[PDB]
């Protein structure tokens, strides 16, 4: 089971991901990294602005299914 979280893919681009309250956070960067066409390394999900450790669970920082996260990928000049 599990409900969708809100991954804000960069800016102006948002993609709904399906994860459970156990999805880690780099693991979170991996799935979001899949739809972004980039590696979870460059990609980085931060919920509500709190830098979460890649070893914490989805219900750890308080993400929980449904959570506005901010993915960030070191963007070369456009």
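Observations on the model:
- Among the residues of the stretch 1-40, those that are in contact with a strand residue (DSSP E or B) (Cβ under 9 Å, 6 or more places away or on another chain) and at positive phi comprise 2, 10.
- Lone qualifier among 63, 56, 28 - being buried (at least 17 other Cβ atoms within 10 Å of the Cβ) and part of a loop (DSSP other than H, G, I, E, B): 63
- Within the stretch 1-22, the set of residues being free of Cβ contacts under 8 Å to residues at least 40 places away in the same chain and part of a loop (DSSP other than H, G, I, E, B) comprises 1, 11, 12, 13, 22.
- Extreme residue, farthest from the chain's Cα centre (by Cα), among residues of the stretch 66-78 that are touching a residue at least 12 places away in the same chain (Cβ under 8 Å) and assigned to a loop (DSSP other than H, G, I, E, B): 75
- Matching residues, the stretch 1-14, being more than 19 Å from residue 56 (Cα to Cα) and surrounded by fewer than 17 Cβ atoms within 10 Å (Cβ to Cβ): 1, 10, 11, 12, 13, 14
- Qualifying positions in the stretch 41-53 - at negative phi, assigned to a loop (DSSP other than H, G, I, E, B) and surrounded by fewer than 16 Cβ atoms within 10 Å (Cβ to Cβ): 41, 42, 51, 53
- Across the stretch 31-40, the number of residues qualifying as surrounded by 19 or more Cβ atoms within 10 Å (Cβ to Cβ) and either over 12 Å from the mean Cα position of the chain (by Cα) or part of a loop (DSSP other than H, G, I, E, B) (or both) comes to 1.
Reconstructed Cβ throughout: ideal geometry from the backbone, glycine too, with neighbour counts over all protein chains shown. No value in this document is a laboratory result; all are computed from the given coordinates.
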